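Participant: Handing you a structure now.
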Amino acid sequence: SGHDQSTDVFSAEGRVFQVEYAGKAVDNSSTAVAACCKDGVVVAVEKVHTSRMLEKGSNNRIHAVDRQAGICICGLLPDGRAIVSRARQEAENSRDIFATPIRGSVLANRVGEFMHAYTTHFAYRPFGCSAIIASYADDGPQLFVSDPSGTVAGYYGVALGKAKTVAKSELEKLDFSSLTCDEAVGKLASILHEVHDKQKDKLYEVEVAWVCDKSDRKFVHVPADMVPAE
Amino acid sequence: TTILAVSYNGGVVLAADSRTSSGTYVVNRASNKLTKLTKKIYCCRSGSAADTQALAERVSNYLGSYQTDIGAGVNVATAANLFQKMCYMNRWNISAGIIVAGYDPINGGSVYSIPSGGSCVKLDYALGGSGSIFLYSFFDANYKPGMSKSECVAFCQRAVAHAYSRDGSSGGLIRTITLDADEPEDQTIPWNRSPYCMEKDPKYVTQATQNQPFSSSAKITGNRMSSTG
Ligand SMILES: *[B]([O])([O])[C]([C][C]([C])[C])[N]C(=O)[C]([C]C1=[C][C]=[C][C]=[C]1)[N]C(=O)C1=[C]N=[C][C]=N1
């Protein structure tokens with residue numbers, strides 16, 4: 001009825017549907033995965049190209065927020081670019097005012113309050129996006145996920161997207177304590193080529209990015225020849 | 001006002017006098033120019049007594065609101081960029097020389113000198129105030145880096161005592177505090193137990209022979225202390 005038309009309406013049992021309807025925009029989106037590898041964090045996503053003529057590098061869902069942190073989004077691409085352009089502004093404030101790099105748990109708590117502030121007012125709609133904050137600050141390697149409700153949580157590994165239930169069981173076979181960033185790019189990319197089917201889309205490729213001690217604590221994308229072929 | 005902060009291996013030693021003076025009259029002879037920002041980060045405080053007090057408790061509220069949201073300790077470089085931001089966008093309206101020194105577990109002991117112009121310079125030792133111009137040639141000769149905690153306390157107390165002996169603006173007590181990995185230890189030595197004073201300096205005992213007796217020769221024989229002889 002009229003109990004699911006905006007954000008400032010609790011249900012008869014205390015639920016907000018426009019937040020929960022925005023969570024179905026992430027569950028119908030492409031598959032995301034991540035891993036914390038005891039000296040860094042590796043994040044991989046699958047770009048579903050809708051045409052053969054797209055340039056390699058188009059629609060990259062991984063964006064660098066600071067030198068040590070970067071947010072990969074899962075859900076709607078243009079809604080997540082408002083989260084990226086906000087968390088960059090949160091990370092520029094700590095460098096310019098407090099003369100310090102932003103911590104991993106503090107950048108994620110600023111993302112979860114920007115995403116929550118658009119779920120409490122009638123004129124605004126929640127994001128169709130789950131943001132994955134991968135950071136390496138002076139509190140170690142961090143891996144956070146902010147859902148459209150504004151809930152942040154530290155993870156060791158995460159699967160998000162359509163086949164987030166099959167890819168979650170494929171993460172339970174990894175270690176995360178002896179796991180390094182050297183092997184996990186080959187492992188996490190091999191999750192995506194097994195969890196995802198080619199009988200719906202013909203064009204699908206993977207985009208991996210890390211931040212670890214080997215890359216001098218810098219959030220970078222891959223050199224193109226480290227990813228497995230298929 | 002004579003303020004200074006000197007680094008040793010563990011942490012820093014803050015040192016200051018105690019006198020606010022309205023031009024020529026001692027309004028307060030027991031001032032406290034060592035202002036607490038957080039538990040391990042203080043600042044020395046020179047210049048205008050009102051303009052630097054309003055900055056010191058505006059930074060200390062941004063800095064404690066930061067510490068609660070972070071959930072960890074505050075770096076000294078964080079506190080020294082909140083004075084530089086405020087002393088630069090108010091530099092035509094305030095009179096503020098600030099020396100920020102403290103301790104953090106990442107960088108150890110840090111000393112930042114923020115002059116009246118609003119710049120920020122990270123140092124080994126800093127000087128400030130109107131009485132600091134006496135202490136440059138005193139630290140060029142008598143200061144060797146790498147002292148212990150007990151040696152930096154007795155040096156900075158001996159450093160301030162040479163400063164307010166010549167300076168008219170400075171004087172009173174000597175308030176020192178050390179900021180390192182232990183608890184912050186403060187110490188206030190008075191004037192009458194100061195390590196230096198010109199009144200008990202044994203080379204200023206002889207009066208300068210100004211008031212010569214009326215005599216027959218050019219032989220200078222000291223002052224005239226009596227009406228008869
Ligand atoms: B020290 O003498 O510079 C002191 C530092 C202050 C931050 C505690 N300042 C003062 O003594 C000032 C006068 C002054 C002297 C020399 C340079 C700059 C300023 N005192 C006052 O501002 C004052 C005067 N009357 C009443 C209250 N406060």
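Residues in the structure tokens are named by chain (A, B, ... in the order shown) and by number from 1 within that chain; ligands are numbered from 1 in the order shown.
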Hey, which residues come within 6 Å of ligand 1 if we count only C-alpha atoms and all ligand atoms? Could you give them as a list in words?

Facilitator: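 My answer, listing the contacting residues, is residues 1, 20, 21, 22, 33, 45, 46, 47, 48, 49, 52, 129 and 169 of chain B.
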
Participant: Please produce a file of those selected residues containing N, CA, C and O atoms, as an mmCIF file, in the first residue's frame.

Facilitator:
```cif
data_model
loop_
_atom_site.group_PDB
_atom_site.id
_atom_site.type_symbol
_atom_site.label_atom_id
_atom_site.label_comp_id
_atom_site.auth_asym_id
_atom_site.auth_seq_id
_atom_site.Cartn_x
_atom_site.Cartn_y
_atom_site.Cartn_z
ATOM 1 N N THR B 1 57.733 36.540 29.043
ATOM 2 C CA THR B 1 57.502 35.116 28.846
ATOM 3 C C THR B 1 58.689 34.436 28.180
ATOM 4 O O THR B 1 59.129 34.851 27.118
ATOM 5 N N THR B 20 52.431 36.903 33.945
ATOM 6 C CA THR B 20 51.717 37.741 32.992
ATOM 7 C C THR B 20 51.822 39.178 33.473
ATOM 8 O O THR B 20 51.486 39.471 34.624
ATOM 9 N N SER B 21 52.283 40.070 32.604
ATOM 10 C CA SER B 21 52.575 41.438 32.997
ATOM 11 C C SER B 21 51.964 42.409 32.003
ATOM 12 O O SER B 21 52.299 42.379 30.817
ATOM 13 N N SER B 22 51.091 43.289 32.494
ATOM 14 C CA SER B 22 50.454 44.304 31.657
ATOM 15 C C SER B 22 51.443 45.442 31.437
ATOM 16 O O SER B 22 51.416 46.481 32.102
ATOM 17 N N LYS B 33 51.794 28.658 31.949
ATOM 18 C CA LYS B 33 51.880 28.731 30.502
ATOM 19 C C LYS B 33 52.028 27.363 29.862
ATOM 20 O O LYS B 33 52.301 27.280 28.663
ATOM 21 N N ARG B 45 52.955 28.566 25.750
ATOM 22 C CA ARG B 45 51.959 29.586 25.477
ATOM 23 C C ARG B 45 52.533 30.974 25.738
ATOM 24 O O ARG B 45 52.725 31.361 26.894
ATOM 25 N N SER B 46 52.801 31.719 24.666
ATOM 26 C CA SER B 46 53.376 33.054 24.762
ATOM 27 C C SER B 46 52.530 34.053 23.992
ATOM 28 O O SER B 46 51.733 33.682 23.131
ATOM 29 N N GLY B 47 52.737 35.330 24.294
ATOM 30 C CA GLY B 47 52.049 36.385 23.583
ATOM 31 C C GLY B 47 50.859 36.923 24.342
ATOM 32 O O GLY B 47 50.956 37.216 25.535
ATOM 33 N N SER B 48 49.726 37.052 23.657
ATOM 34 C CA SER B 48 48.522 37.564 24.291
ATOM 35 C C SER B 48 47.921 36.507 25.202
ATOM 36 O O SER B 48 47.753 35.353 24.804
ATOM 37 N N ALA B 49 47.592 36.905 26.433
ATOM 38 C CA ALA B 49 47.095 35.944 27.410
ATOM 39 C C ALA B 49 45.674 35.497 27.098
ATOM 40 O O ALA B 49 45.266 34.413 27.521
ATOM 41 N N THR B 52 45.734 33.439 23.136
ATOM 42 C CA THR B 52 46.310 32.103 23.150
ATOM 43 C C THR B 52 45.564 31.156 24.071
ATOM 44 O O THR B 52 45.654 29.939 23.887
ATOM 45 N N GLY B 129 58.853 33.256 23.028
ATOM 46 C CA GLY B 129 58.623 34.361 23.936
ATOM 47 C C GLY B 129 59.621 35.482 23.732
ATOM 48 O O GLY B 129 60.554 35.400 22.928
ATOM 49 N N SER B 169 60.367 41.198 31.074
ATOM 50 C CA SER B 169 59.059 40.603 30.858
ATOM 51 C C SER B 169 58.862 39.299 31.614
ATOM 52 O O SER B 169 57.735 39.004 32.023
#
```

Participant: Quick one: pick out all alpha helix (DSSP H) residues within segment 97-128 of chain A from a backbone DSSP run and write them as number ranges by chain.

Facilitator: A: 104-116

Participant: So, counting only C-alpha atoms, which residue among A:109, A:130, A:135, A:120 is closest to chain B?

Facilitator: A:109

Participant: Please list as a PyMOL selection string every residue within 9 Å of segment 62-66 of chain A, counting only C-alpha atoms and excluding residues in the same chain fewer than 4 positions away.

Facilitator: chain A and resi 43-45+70-73+81+84-85+87-89+91-92+101-102+135+207-209+218-221

Participant: Enter the distance from atom CA of residue 185 of chain A to atom CA of residue 32 of chain A, in Å, rounded to one decimal.

Facilitator: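 Interatomic distance, atom CA of residue 185 of chain A to atom CA of residue 32 of chain A: 13.4 Å.
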
Participant: Per residue of chain B within 8 Å of chain A, which atom pair is closest and at what distance in Å (one decimal), using only C-alpha atoms, listed by chain and increasing number, as CSV?

Facilitator:
```
residue,atom,partner,partner_atom,distance
B:69,CA,A:106,CA,8.0
B:70,CA,A:106,CA,6.6
B:77,CA,A:99,CA,6.6
B:78,CA,A:98,CA,4.8
B:79,CA,A:98,CA,7.4
B:81,CA,A:98,CA,6.3
B:82,CA,A:97,CA,6.9
B:85,CA,A:97,CA,7.7
```

Participant: Return the single residue from A:119, A:133, A:160, A:206 that is closest to residue 10 of chain A, with distances computed using only C-alpha atoms.

Facilitator: A:119

Participant: Quick one: residues within 6 Å of segment 114-117 of chain A, only C-alpha atoms, excluding same-chain residues fewer than 3 positions away - as a ChimeraX atom specification?

Facilitator: /A:111,120,149-150

Participant: Nearest to residue 91 of chain B among B:76, B:114, B:189, B:159, with distances taken over only C-alpha atoms: which residue is it?

Facilitator: B:114

Participant: Calculated over only C-alpha atoms, which of the candidates A:144, A:124, A:78, A:129 has the smallest distance to residue 28 of chain A?

Facilitator: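 Closest to residue 28 of chain A, using only C-alpha atoms: A:129.
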
Participant: Please, what distance in Å, to one decimal, runs between atom CA of residue 184 of chain B and atom CA of residue 157 of chain B?

Facilitator: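 For atom CA of residue 184 of chain B relative to atom CA of residue 157 of chain B, the distance reads 16.8 Å.
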